[PDB]
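Below you'll find the structure, written out as structure tokens, and then a few comments.
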Amino acid sequence: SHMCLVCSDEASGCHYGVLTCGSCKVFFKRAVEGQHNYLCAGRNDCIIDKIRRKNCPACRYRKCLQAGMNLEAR
Amino acid sequence: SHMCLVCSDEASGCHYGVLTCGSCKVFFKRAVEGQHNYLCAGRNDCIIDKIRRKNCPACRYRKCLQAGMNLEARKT
DNA sequence: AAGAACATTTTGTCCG
DNA sequence: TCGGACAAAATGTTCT
Ligand SMILES: [Zn+2]
Ligand SMILES: [Zn+2]
Ligand SMILES: [Zn+2]
Ligand SMILES: [Zn+2]
């Protein structure tokens with residue numbers, strides 16, 4: 001289809017199992033491969049759009065997981 | 001408390017009128033000069049502390065202004 | 001589709 | 001106190 005399931009920007013393909021833009025693709029890989037310690041400054045329900053996805057990596061990562069992203073998709 | 005009034009990190013001086021840390025000092029200068037247009041992804045009430053201050057420039061910048069930071073603190 | 005390298009943006013430290 | 005340069009972290013794009 002058309003839109004990233006994580007941030008609603010234009011998708012570039014099906015990455016890690018889910019339709020996402022390229023920025024969310026590489027965010028999720030880095031998140032999964034790094035150490036998890038992200039902390040929301042809100043209530044763990046930040047809105048994640050094209051502009052606001054840079055705000056909260058904790059909620060952006062929860063949204064990647066909720067969308068079903070996983071490194072071993074293939 | 002030698003604490004930054006914006007994020008509670010260790011303050012380094014009175015910058016632009018307010019006891020703040022090095023990071024909040026330059027963040028504030030950068031926000032006004034670029035006349036930045038920040039948007040909160042919460043509720044306009046994010047927690048701003050040493051770690052989370054990176055997460056919402058909108059609430060960080062709001063706390064700066066509200067604490068009374070002002071580029072013309074001296075001129076004043 | 002996915003990984004890597006390059007690029008950019010955003011933030012933070014150190015001087016003077 | 002304040003500014004500049006440098007440095008680092010965080011995000012994003014191109015893969016001639
Ligand atoms: Zn996305
Ligand atoms: Zn959040
Ligand atoms: Zn501060
Ligand atoms: Zn906020």
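Below, chain A is the first sequence line, B the second, and so on; all start at residue 1. Scope of the values below: all heavy atoms of this structure, side chains included, with no hydrogens, waters or symmetry mates.
The side chain of B/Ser23 lies closest to C/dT13, out of C/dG3, C/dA2, C/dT13. With D/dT1, D/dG12, C/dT11 as the choices, the nucleotide that has an atom nearest any side-chain atom of A/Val26 turns out to be D/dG12.
Take the nearest nucleotide of DNA chain C for A/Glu72 and for A/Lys54: the residue whose nucleotide is more 5' is A/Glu72.
If you check D/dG4 for Watson-Crick or wobble pairing at under 3.5 angstrom, you find it paired to C/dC14. Nucleotide C/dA2 forms a pair with no other nucleotide shown, judged by Watson-Crick or G-U wobble geometry with both contacts under 3.5 Å.
Remark: P of D/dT13 and CG of A/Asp9 are 8 Å apart, rounded to the nearest angstrom. Atom NZ of A/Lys50 is separated from atom P of C/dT9 by 12 Å (rounded to the nearest Å). Protein atom CZ of B/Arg60 is 9 Å distant from nucleotide atom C1' of C/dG12, rounded to whole Å. Atom pair A/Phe28:CZ and D/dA10:P shows a separation of 18 Å (rounding to whole Å applied). The separation between B/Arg52 atom CZ and D/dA10 atom P is 15 Å, rounded to whole Å. Atom CZ in B/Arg30 sits roughly 10 Å away from atom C1' in C/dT13 (whole-Å rounding). If you take CZ of A/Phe27 and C1' of C/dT10, they are 15 Å apart, rounded to a whole angstrom. Between A/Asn55 atom CG and D/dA10 atom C1' the separation is 13 Å, expressed in whole Å.
Within the 4.0 Å cut-off from OP1 or OP2 of D/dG3, at least one side-chain nitrogen or oxygen of B/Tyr16 is found.
The distance from the SG atom of A/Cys40 to the CG atom of A/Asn55 is 10.0 Å, given to the nearest 0.5 Å. Atom-to-atom distance recorded for B/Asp9:CG and B/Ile48:CD1 is 13.0 Å, nearest 0.5 angstrom.
Taking only distance into account, the side chain of B/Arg53 never meets the base of C/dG12 through a donor-acceptor pair shorter than 3.5 Å. Between the side chain of B/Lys25 and the base of D/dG3, at least one donor-acceptor pair of N or O atoms lies under 3.5 Å.
In this structure, B/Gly13 reaches neither bases nor backbone, as no heavy-atom distance under 4.0 Å exists between it and the strands shown.
Seen from the ring of A/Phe27, A/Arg60 counts as a face-on cation partner, given the 6.0 Å and 45° thresholds.
For B/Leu65, the CG atom is densely surrounded, since the number of other residues' heavy atoms within 6.0 Å is greater than 12.
Between B/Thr20 and B/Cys4, some side-chain heavy-atom pair lies under the 4.5 Å cut-off.
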